[PDB]
Structure formats: C-alpha cells, structure tokens
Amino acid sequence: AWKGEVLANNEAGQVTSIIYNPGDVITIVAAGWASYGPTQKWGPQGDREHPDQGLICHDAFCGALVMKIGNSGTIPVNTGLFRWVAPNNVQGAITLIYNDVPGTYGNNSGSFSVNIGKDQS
C-alpha cells in the first residue's frame, strides 16, 4: 500500500508506489485542507462554488483531488474511492494531483494526506 502527502502547489503531481494492473481493485482515502489561492481552505472535494475556468479535471471541483493511471486523463478521486476498478485499457503508476488550472499552482497552499491500497479480488 501507499501513504503520503499531495501538495496543492505540486502541478506535476505526487507519484505513488501503486502500480494499477488489469483487474486490480483499489481503495483510496484522502483527507486534509488545501487552497488554490484564497485564504480559505477546502477538503478533497474542492470548492463546490468555484467555476471551472480551465481545470485539469472538468469532472471535479477546483481544489479537489484527482489522479492519473499511467498516461491517462485526469480521474476524480475526491474524498476517495471504495473498492474501485479502473476503465478498460487503463494501467500504470498512480499519480495524485490537486485539481487546478495549469500554470496557476504557484499560489496554492496545504495538502492532502492520502492512503491507497489494493483490495482482495
């Protein structure tokens, strides 16, 4: 399993040790407070009131936790995933990323502590 932090200001994303393979079932639990600029802090679900103006993931609110599996598109993680299975032809290292607009990560603060584990299958 993997346990670590994902800094909101980390545009490249946090690479984990989790290699998602075909047929894998995974569980992710994320917690913490982070910001995409404002003094206020939000959770892994981001800011439900903030409009999407170029986010790396259009399927989640700004300030939410997302991930990539291999060289796939951004996938919503939010508070986490319970016994989750990836789409077909999706595989590779899991990279956790703070959902924000490309090139704006500079003024982000906080982070998310995240737990990733593979489930029995």
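We call the rigid core the largest set of C-alpha positions that still match within 1.5 Å between the two forms. Note that residue numbering follows the sequence shown and begins at 1.
Annotation: of the segments 83-91 and 34-42, 83-91 departs further from this form in 9 other deposited structures of this protein (C-alpha atoms, root mean square over structures and residues, core superposition). For the two regions 84-92 and 41-49, the entry's Cα B-factors average higher over 84-92. The entry lists a Cα temperature factor for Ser35 that places it in the middle third of the chain's modelled residues. Remark: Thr79 belongs to the lowest third of its chain, ranked by C-alpha B-factor as recorded. In the deposited entry, the Cα temperature factor of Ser113 sits in the top third of values across the chain's modelled residues.
Among the modelled residues of the chain, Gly54 sits in the middle third by CA temperature factor in this PDB entry.
Looking at the C-alpha B-factors along this chain, the one for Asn9 belongs to the middle third.
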